[PDB]
file entry.cif (mmCIF, C-alpha atoms and all ligand atoms)
data_entry
loop_
_atom_site.label_atom_id
_atom_site.label_comp_id
_atom_site.auth_asym_id
_atom_site.auth_seq_id
_atom_site.Cartn_x
_atom_site.Cartn_y
_atom_site.Cartn_z
CA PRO Q 1 133.86 278.07 83.67
CA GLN Q 2 130.59 278.92 82.11
CA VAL Q 3 130.07 282.55 81.24
CA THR Q 4 126.53 283.81 80.86
CA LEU Q 5 126.35 286.90 78.75
CA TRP Q 6 124.48 289.37 80.89
CA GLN Q 7 127.80 291.02 81.54
CA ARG Q 8 130.60 291.67 79.12
CA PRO Q 9 132.55 288.42 79.12
CA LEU Q 10 135.80 289.88 80.41
CA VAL Q 11 138.67 287.89 81.60
CA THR Q 12 142.10 288.50 83.09
CA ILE Q 13 145.15 287.82 80.84
CA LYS Q 14 148.89 287.93 81.33
CA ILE Q 15 150.99 288.69 78.30
CA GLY Q 16 154.43 290.13 78.21
CA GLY Q 17 154.60 290.04 82.01
CA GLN Q 18 151.71 292.52 82.13
CA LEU Q 19 148.27 291.96 83.43
CA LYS Q 20 145.32 293.07 81.25
CA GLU Q 21 141.68 292.29 80.89
CA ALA Q 22 140.18 291.32 77.61
CA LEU Q 23 136.82 290.54 76.11
CA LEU Q 24 136.00 287.01 75.09
CA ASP Q 25 134.87 287.51 71.51
CA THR Q 26 133.36 284.84 69.24
CA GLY Q 27 132.90 287.20 66.34
CA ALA Q 28 136.53 288.15 66.18
CA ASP Q 29 138.66 285.87 64.13
CA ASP Q 30 141.89 287.03 65.78
CA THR Q 31 143.16 288.62 68.92
CA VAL Q 32 143.78 292.38 69.05
CA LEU Q 33 145.39 294.21 71.93
CA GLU Q 34 145.77 297.75 72.59
CA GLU Q 35 149.20 299.26 72.27
CA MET Q 36 151.81 297.27 74.15
CA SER Q 37 155.45 296.41 74.37
CA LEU Q 38 155.92 293.04 72.91
CA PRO Q 39 159.24 291.32 72.66
CA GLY Q 40 159.76 290.42 69.10
CA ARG Q 41 159.50 291.43 65.49
CA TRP Q 42 156.19 292.11 63.77
CA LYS Q 43 154.44 292.43 60.48
CA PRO Q 44 152.04 295.30 59.58
CA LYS Q 45 148.51 294.15 58.97
CA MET Q 46 145.22 295.92 58.67
CA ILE Q 47 142.02 294.63 59.99
CA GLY Q 48 138.50 295.77 59.44
CA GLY Q 49 135.75 296.19 61.96
CA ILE Q 50 132.49 297.89 62.20
CA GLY Q 51 133.60 301.33 61.34
CA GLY Q 52 136.56 300.79 59.10
CA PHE Q 53 140.10 299.59 59.04
CA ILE Q 54 142.83 299.79 61.57
CA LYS Q 55 146.55 299.10 61.11
CA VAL Q 56 148.03 296.65 63.53
CA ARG Q 57 151.32 294.81 64.11
CA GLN Q 58 151.15 291.05 63.89
CA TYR Q 59 153.36 289.16 66.27
CA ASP Q 60 153.49 285.43 66.15
CA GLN Q 61 154.19 282.82 68.78
CA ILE Q 62 153.20 285.07 71.69
CA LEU Q 63 152.39 283.42 75.02
CA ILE Q 64 149.26 284.48 76.81
CA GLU Q 65 147.60 283.15 79.93
CA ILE Q 66 143.81 283.61 79.81
CA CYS Q 67 142.53 282.59 83.19
CA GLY Q 68 144.89 279.72 84.16
CA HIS Q 69 145.20 278.61 80.53
CA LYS Q 70 148.24 279.13 78.35
CA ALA Q 71 147.93 279.52 74.59
CA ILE Q 72 150.60 280.49 72.09
CA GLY Q 73 149.58 282.25 68.93
CA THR Q 74 149.22 285.35 66.92
CA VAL Q 75 148.44 288.60 68.56
CA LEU Q 76 147.81 291.87 66.71
CA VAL Q 77 148.59 295.04 68.53
CA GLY Q 78 146.92 298.27 67.69
CA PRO Q 79 144.49 301.05 68.48
CA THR Q 80 141.59 298.99 69.49
CA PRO Q 81 139.25 300.52 72.05
CA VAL Q 82 139.18 297.21 73.97
CA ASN Q 83 141.43 294.20 74.29
CA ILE Q 84 139.77 291.36 72.29
CA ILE Q 85 140.44 287.60 72.50
CA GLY Q 86 139.27 286.02 69.32
CA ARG Q 87 138.80 282.64 67.85
CA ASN Q 88 142.43 281.95 67.22
CA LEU Q 89 143.04 281.74 70.97
CA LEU Q 90 139.55 280.64 71.98
CA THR Q 91 139.98 277.36 70.23
CA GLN Q 92 143.18 276.80 72.16
CA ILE Q 93 141.68 277.11 75.57
CA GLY Q 94 138.81 274.98 74.40
CA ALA Q 95 136.06 277.57 74.54
CA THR Q 96 132.59 276.73 73.16
CA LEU Q 97 129.30 278.42 72.69
CA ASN Q 98 126.26 276.66 73.88
CA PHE Q 99 122.60 277.29 73.46
CA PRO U 1 123.85 273.14 70.13
CA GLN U 2 127.41 273.42 71.21
CA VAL U 3 129.43 275.44 68.77
CA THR U 4 133.21 274.99 68.68
CA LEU U 5 135.04 277.95 67.20
CA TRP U 6 137.26 276.56 64.49
CA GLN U 7 134.95 278.26 62.03
CA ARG U 8 132.87 281.46 62.37
CA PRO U 9 129.81 280.74 64.53
CA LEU U 10 127.14 281.61 61.94
CA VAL U 11 123.48 280.72 62.22
CA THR U 12 120.37 281.16 60.15
CA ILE U 13 117.97 283.82 61.37
CA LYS U 14 114.53 284.82 60.24
CA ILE U 15 113.61 288.41 60.66
CA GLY U 16 110.90 290.47 58.98
CA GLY U 17 109.93 287.53 56.84
CA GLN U 18 113.46 287.32 55.35
CA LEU U 19 116.10 284.73 55.87
CA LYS U 20 119.66 285.81 56.78
CA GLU U 21 122.76 284.31 58.37
CA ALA U 22 124.35 286.17 61.24
CA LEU U 23 127.48 285.91 63.35
CA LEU U 24 127.02 284.97 66.98
CA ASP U 25 129.09 287.58 68.69
CA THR U 26 129.81 287.64 72.45
CA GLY U 27 131.89 290.75 72.08
CA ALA U 28 129.00 292.81 70.79
CA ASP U 29 126.65 294.31 73.18
CA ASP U 30 123.84 294.63 70.69
CA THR U 31 122.61 293.22 67.44
CA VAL U 32 123.42 295.05 64.16
CA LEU U 33 122.00 293.89 60.83
CA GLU U 34 122.99 294.96 57.42
CA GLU U 35 120.62 297.24 55.64
CA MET U 36 117.43 295.43 55.28
CA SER U 37 113.91 296.80 55.25
CA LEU U 38 112.12 296.16 58.37
CA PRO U 39 108.84 297.63 59.29
CA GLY U 40 108.16 300.44 61.67
CA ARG U 41 109.44 303.51 63.40
CA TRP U 42 113.00 304.09 64.57
CA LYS U 43 115.62 306.38 66.07
CA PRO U 44 119.20 307.01 64.97
CA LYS U 45 122.02 305.95 67.23
CA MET U 46 125.76 305.75 66.63
CA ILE U 47 127.75 302.71 67.49
CA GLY U 48 131.44 302.36 67.77
CA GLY U 49 133.67 299.46 66.70
CA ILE U 50 137.09 298.85 65.60
CA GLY U 51 137.68 301.46 63.06
CA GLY U 52 135.14 303.82 64.45
CA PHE U 53 131.53 304.46 64.25
CA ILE U 54 128.47 304.03 62.14
CA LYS U 55 125.05 305.59 62.41
CA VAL U 56 122.42 302.96 62.86
CA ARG U 57 118.70 303.02 63.05
CA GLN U 58 117.20 301.33 65.91
CA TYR U 59 114.05 299.42 66.21
CA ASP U 60 112.87 298.00 69.39
CA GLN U 61 110.61 295.02 69.92
CA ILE U 62 111.64 293.12 66.77
CA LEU U 63 110.95 289.43 66.48
CA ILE U 64 113.88 287.30 65.52
CA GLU U 65 114.06 283.57 65.16
CA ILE U 66 117.65 282.49 65.76
CA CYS U 67 118.26 278.91 64.90
CA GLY U 68 114.58 278.23 65.40
CA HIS U 69 114.42 279.85 68.94
CA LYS U 70 112.40 283.05 69.22
CA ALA U 71 113.38 286.31 70.87
CA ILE U 72 112.23 289.93 70.72
CA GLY U 73 114.41 292.95 71.27
CA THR U 74 116.38 295.78 69.82
CA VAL U 75 117.89 295.43 66.40
CA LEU U 76 120.13 298.10 64.99
CA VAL U 77 120.25 298.34 61.20
CA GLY U 78 122.96 300.10 59.32
CA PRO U 79 126.02 299.60 57.22
CA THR U 80 127.72 296.74 58.98
CA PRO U 81 129.67 294.35 56.84
CA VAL U 82 128.35 291.26 58.69
CA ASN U 83 125.08 290.63 60.45
CA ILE U 84 125.88 290.34 64.20
CA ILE U 85 123.84 288.79 66.96
CA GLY U 86 125.08 290.37 70.13
CA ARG U 87 124.49 289.85 73.80
CA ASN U 88 121.15 291.46 73.99
CA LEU U 89 119.67 288.57 72.14
CA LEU U 90 122.23 285.93 73.09
CA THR U 91 120.92 286.25 76.54
CA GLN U 92 117.33 285.48 75.46
CA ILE U 93 118.18 282.42 73.55
CA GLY U 94 120.08 281.27 76.60
CA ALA U 95 123.55 281.17 75.13
CA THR U 96 126.62 280.54 77.31
CA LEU U 97 130.36 280.48 76.88
CA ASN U 98 132.10 277.53 78.36
CA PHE U 99 135.71 276.56 78.80
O1 LIG J 1 134.20 296.02 65.45
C1 LIG J 1 133.91 294.95 65.98
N1 LIG J 1 134.46 293.79 65.50
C2 LIG J 1 135.62 293.91 64.61
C3 LIG J 1 136.78 292.96 64.76
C4 LIG J 1 137.50 292.81 65.98
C5 LIG J 1 138.67 292.04 65.99
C6 LIG J 1 139.10 291.42 64.79
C7 LIG J 1 140.25 290.60 64.79
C8 LIG J 1 140.64 289.94 63.59
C9 LIG J 1 139.90 290.08 62.39
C10 LIG J 1 138.75 290.91 62.38
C11 LIG J 1 138.35 291.56 63.58
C12 LIG J 1 137.19 292.33 63.57
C13 LIG J 1 133.88 292.44 65.65
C14 LIG J 1 132.61 292.37 64.78
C15 LIG J 1 132.95 292.32 63.30
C16 LIG J 1 133.55 291.16 62.75
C17 LIG J 1 133.87 291.14 61.37
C18 LIG J 1 133.58 292.27 60.57
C19 LIG J 1 132.98 293.42 61.12
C20 LIG J 1 132.66 293.44 62.49
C21 LIG J 1 133.77 291.86 67.05
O2 LIG J 1 133.47 290.50 66.90
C22 LIG J 1 132.70 292.59 67.85
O3 LIG J 1 132.48 292.03 69.12
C23 LIG J 1 133.08 294.03 68.16
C24 LIG J 1 134.39 294.23 68.98
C25 LIG J 1 134.39 295.56 69.74
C26 LIG J 1 133.62 295.69 70.93
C27 LIG J 1 133.52 296.94 71.57
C28 LIG J 1 134.17 298.07 71.02
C29 LIG J 1 134.94 297.96 69.84
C30 LIG J 1 135.06 296.69 69.21
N2 LIG J 1 133.05 294.99 67.04
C31 LIG J 1 132.25 296.22 67.16
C32 LIG J 1 130.80 296.13 67.57
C33 LIG J 1 129.89 295.23 66.96
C34 LIG J 1 128.51 295.30 67.27
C35 LIG J 1 128.07 296.28 68.19
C36 LIG J 1 126.70 296.42 68.47
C37 LIG J 1 126.26 297.42 69.37
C38 LIG J 1 127.16 298.29 69.99
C39 LIG J 1 128.54 298.17 69.71
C40 LIG J 1 129.00 297.17 68.81
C41 LIG J 1 130.37 297.10 68.50
#

call {"tool": "encode", "arguments": {"input": "entry.cif", "output": "structure tokens"}}
result
Amino acid sequence: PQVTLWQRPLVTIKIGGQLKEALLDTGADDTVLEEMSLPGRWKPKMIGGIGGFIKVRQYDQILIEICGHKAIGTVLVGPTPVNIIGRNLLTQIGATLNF
Amino acid sequence: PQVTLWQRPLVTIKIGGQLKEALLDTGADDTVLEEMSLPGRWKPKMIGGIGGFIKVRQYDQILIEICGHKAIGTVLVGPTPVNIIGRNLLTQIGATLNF
């Protein structure tokens, strides 16, 4: 679809058997999810945003379905205020920005 | 232009007679520029990101030219690490997300 940006561009995802909604985010290099149970191992990472740094767990090869589109990739889980889909997964579902 | 997202979607903006590059950010509701001196009167506001919150000054009715398309709106200025064009202006320049 085409998303105009008068609304937050939110979409439904499934990950880990759970249903979430997440923001489509061109400024975010990677995907960050609020606190979740993910099957696997993880690495600690910190990322920085507007107000500072947060510590997240990196999990790799996680399957997500963003609308009816599957992508596999890295997901960071942490204390974000909002679930964010970033450019690592956006490229996989073929998203573009047009003006 | 159609921007694919294998690299950061950065564009050249002209604001207050200065030239700057800024990230096109669909996740961000508003536009936040790094400290820059920009003429007029303003209010303080606090915005929250990942990591937490920064105090910004906000100026309304600022002219921006974003990739050589004009718009006028609110610009927040404050200690952001990257200049962000958010939805408030993305909407005026007609941007859409497509997948
Ligand atoms: O903090 C934000 N980040 C950090 C971010 C997020 C995920 C990441 C994943 C991997 C690596 C880095 C990441 C960084 C990005 C902007 C940004 C990018 C790079 C450096 C600094 C900032 C994001 O693109 C932007 O939409 C929002 C996401 C968000 C939305 C809502 C609530 C929390 C976080 N803001 C706050 C942001 C940005 C601008 C705003 C303007 C007005 C009002 C609120 C604003 C909030």

call {"tool": "atom_distance", "arguments": {"input": "entry.cif", "atom1": "atom CA of residue U:36", "atom2": "atom CA of residue U:58"}}
result
12.2 Å

call {"tool": "residues_around", "arguments": {"input": "entry.cif", "residues": "stretch 91-98 of chain U", "least_positions_apart": "6", "cutoff": "6 Å", "atoms": "all atoms listed in the file", "output": "JSON, numbers by chain"}}
result
{"Q": [1, 2, 3, 4, 5, 95, 96, 97, 98, 99]}

call {"tool": "residues_near_ligand", "arguments": {"input": "entry.cif", "ligand": "ligand LIG 1 (chain J)", "cutoff": "6 Å", "atoms": "all atoms listed in the file", "output": "ChimeraX atom specification"}}
result
/Q:25,27-32,47-50,81-82 /U:25,27-32,47-50,81-82

call {"tool": "closest_residue", "arguments": {"input": "entry.cif", "among": "U:87, U:57, U:45, U:70", "to": "chain Q", "atoms": "all atoms listed in the file"}}
result
U:87

call {"tool": "closest_residue", "arguments": {"input": "entry.cif", "among": "U:56, U:76, U:24, U:67", "to": "chain Q", "atoms": "all atoms listed in the file"}}
result
U:24

call {"tool": "atom_distance", "arguments": {"input": "entry.cif", "atom1": "atom CA of residue U:83", "atom2": "atom CA of residue U:59"}}
result
15.2 Å

call {"tool": "residues_around", "arguments": {"input": "entry.cif", "residues": "residue Q:16", "least_positions_apart": "6", "cutoff": "9 Å", "atoms": "only C-alpha atoms", "output": "list in words"}}
result
residues 36, 37, 38, 39, 62, 63 and 64 of chain Q

call {"tool": "residues_around", "arguments": {"input": "entry.cif", "residues": "residue U:22", "least_positions_apart": "5", "cutoff": "9 Å", "atoms": "only C-alpha atoms", "output": "PyMOL selection string"}}
result
chain U and resi 9-13+33+66+82-85

call {"tool": "build_atoms", "arguments": {"input": "entry.cif", "residues": "stretch 80-97 of chain Q", "atoms": "N, CA and C atoms", "output": "CSV table (one decimal), in the frame of the given file"}}
result
chain,number,residue,atom,x,y,z
Q,80,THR,N,142.9,299.4,69.2
Q,80,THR,CA,141.6,299.0,69.5
Q,80,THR,C,141.1,299.7,70.7
Q,81,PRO,N,139.8,300.0,70.8
Q,81,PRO,CA,139.2,300.5,72.0
Q,81,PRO,C,139.2,299.5,73.2
Q,82,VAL,N,139.4,298.2,72.9
Q,82,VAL,CA,139.2,297.2,74.0
Q,82,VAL,C,140.1,296.1,73.6
Q,83,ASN,N,140.6,295.4,74.6
Q,83,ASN,CA,141.4,294.2,74.3
Q,83,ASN,C,140.5,293.1,74.0
Q,84,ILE,N,140.7,292.4,72.8
Q,84,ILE,CA,139.8,291.4,72.3
Q,84,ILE,C,140.5,290.0,72.2
Q,85,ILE,N,140.0,289.0,72.8
Q,85,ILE,CA,140.4,287.6,72.5
Q,85,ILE,C,139.5,286.9,71.5
Q,86,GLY,N,140.1,286.6,70.4
Q,86,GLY,CA,139.3,286.0,69.3
Q,86,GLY,C,139.5,284.6,69.1
Q,87,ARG,N,138.9,284.1,68.0
Q,87,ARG,CA,138.8,282.6,67.8
Q,87,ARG,C,140.1,281.9,67.7
Q,88,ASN,N,141.1,282.6,67.2
Q,88,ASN,CA,142.4,282.0,67.2
Q,88,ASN,C,142.9,281.5,68.6
Q,89,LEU,N,142.6,282.2,69.7
Q,89,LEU,CA,143.0,281.7,71.0
Q,89,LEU,C,141.9,281.0,71.7
Q,90,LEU,N,140.7,281.3,71.4
Q,90,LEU,CA,139.6,280.6,72.0
Q,90,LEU,C,139.5,279.2,71.7
Q,91,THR,N,139.9,278.8,70.5
Q,91,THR,CA,140.0,277.4,70.2
Q,91,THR,C,141.0,276.6,71.1
Q,92,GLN,N,142.1,277.4,71.4
Q,92,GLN,CA,143.2,276.8,72.2
Q,92,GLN,C,142.9,276.6,73.6
Q,93,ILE,N,142.1,277.4,74.2
Q,93,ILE,CA,141.7,277.1,75.6
Q,93,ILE,C,140.4,276.3,75.7
Q,94,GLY,N,140.0,275.8,74.5
Q,94,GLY,CA,138.8,275.0,74.4
Q,94,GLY,C,137.5,275.7,74.6
Q,95,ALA,N,137.4,276.9,74.3
Q,95,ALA,CA,136.1,277.6,74.5
Q,95,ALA,C,135.0,277.2,73.5
Q,96,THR,N,133.7,277.0,74.0
Q,96,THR,CA,132.6,276.7,73.2
Q,96,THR,C,131.4,277.6,73.5
Q,97,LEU,N,130.5,277.7,72.5
Q,97,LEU,CA,129.3,278.4,72.7
Q,97,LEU,C,128.2,277.4,72.8
